[PDB]
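There is one chain below, alone, in structure tokens, taken in the form solved without adenosine phosphonoacetic acid.
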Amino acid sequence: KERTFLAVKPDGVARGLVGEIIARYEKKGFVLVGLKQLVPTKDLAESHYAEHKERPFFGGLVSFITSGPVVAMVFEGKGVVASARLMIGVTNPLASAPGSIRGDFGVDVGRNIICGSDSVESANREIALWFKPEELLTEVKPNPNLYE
């Protein structure tokens, strides 16, 4: 099945939002196949954010995410990359709908709590970045009531 990578960033961890966030994806029915808390390395942060490398805000992205603990997760399930994004909301928390994570909890583009993969393609890249293969679940059993 599809897998995505989500990190709740230092601001989400510091605000005590980790469990609330995991519980939202668990209720949806996605399965947790990798999880750890870590303080990202500058090397890791720069690779993760490589797409924004030419833009002046790249260095801020890199400073913040290495500024404290991150909890890195990967979830598995049908259509999880796009669904996970729908559940986060949009870039600007102020513009994100009530009921989404950033819509419910966030106020600033610079402190928007959580990030998730763009695409199936960048998810594959990001998972291999943040996780070793031995840190990820091999045999996954979803609730039998979830999939036809």
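All residue numbers are counted from 1 along the displayed sequence.
The form solved in complex with adenosine phosphonoacetic acid exists for this protein as well; it is not shown, and the discussion that follows is about that form.
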Exercise for the section: Would you check, heavy atoms only and a 4.5 Å threshold, whether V109 touches adenosine phosphonoacetic acid in the bound PDB entry? Expected result: yes
Practice task
Give a yes or no for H52: in the bound PDB entry, does one of its heavy atoms lie within 4.5 Å of a heavy atom belonging to adenosine phosphonoacetic acid?
Solution key: yes
Exercise for the section: Mark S47 yes when one of its heavy atoms lies within 4.5 Å of a heavy atom of adenosine phosphonoacetic acid in the bound PDB entry, and no otherwise. Expected result: no
Practice task
Classify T91 as contacting or not contacting adenosine phosphonoacetic acid in the bound PDB entry by the rule of any non-hydrogen atom within 4.5 angstroms, answering yes or no.
Solution key: yes
Practice task
Given that the partner is absent here, state which listed stretch (22-30, 66-74, 83-91, 36-44) has heavy atoms within 4.5 Å of adenosine phosphonoacetic acid in the bound PDB entry.
Solution key: 83-91
Fill in the blank from the handout: When adenosine phosphonoacetic acid is considered in the bound PDB entry, the residues of 63-78 having a heavy atom within 4.5 Å of it are none
